[PDB]
């Protein structure tokens, strides 16, 4: 009577369509706050004057 | 000269993508005009002071 | 039908001049002490 | 050439037709109940079949 377990499994079968294949998504959440920014890029670090 | 038969059928197949499946759409067009709006919701009428 | 009445007396199309008639309520917006 | 405070890489798999649902401020089946990508997301989104 419409109280089915909402948890369902993905069907990643070889016979499914292109729109149903598994796609690994990776979401990197970048943000700059008042804390010291430790995550940087390959930028050369320089001294101070 | 671009006056072909415009009426075409929808593709609702069992193997299509989620974006191609049929969707029963219902558009409830609400509006508030200058005329007396008598249609309301199931709100219990109270007294006045 | 396509038959005209025999009692119809052919006369010119007389007319008159309406003074201020043809006024109605254009909307249900209530106001007071204004000329909308 | 930019630094950031922290970076959280949300790694998960979705279907092909569900890729359009995962986005900043986007609604959908998995977007509303499973993985809500916020509207102020100033990071990056990577996907791979």
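Please find, among A:6, A:14, the residue that is exposed (fewer than 10 other Cβ atoms within 10 Å of the Cβ), more than 27 Å from residue D:44 (Cα to Cα) and within 14 Å of chain B (Cβ to nearest Cβ). Even if it seems obvious, please write down each step before you answer.
Values: A:6 fails: within 14 Å of chain B (Cβ to nearest Cβ).
It is A:14.
It is to be established whether one or more residues within region D:9-19 are assigned to a loop (DSSP other than H, G, I, E, B) and within 26 Å of residue A:41 (Cα to Cα). Walk me through how you get there before you give the answer.
Taking region D:9-19 first, the residues assigned to a loop (DSSP other than H, G, I, E, B) are D:15-19.
Next cut, within 26 Å of residue A:41 (Cα to Cα) only: none.
Looking through region D:9-19, none of the residues is assigned to a loop (DSSP other than H, G, I, E, B) and within 26 Å of residue A:41 (Cα to Cα).
From the set of residues in region D:17-49 that are within 14 Å of chain B (Cβ to nearest Cβ) and touching a residue at least 12 places away in the same chain (Cβ under 8 Å), which is nearest to the chain's Cα centre (by Cα)?
Top of the filtered list is D:22.
No value in this document is a laboratory result; all are computed from the given coordinates. Here Cβ is always computed from backbone atoms with ideal geometry, including for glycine, and neighbour counts include all displayed protein chains.
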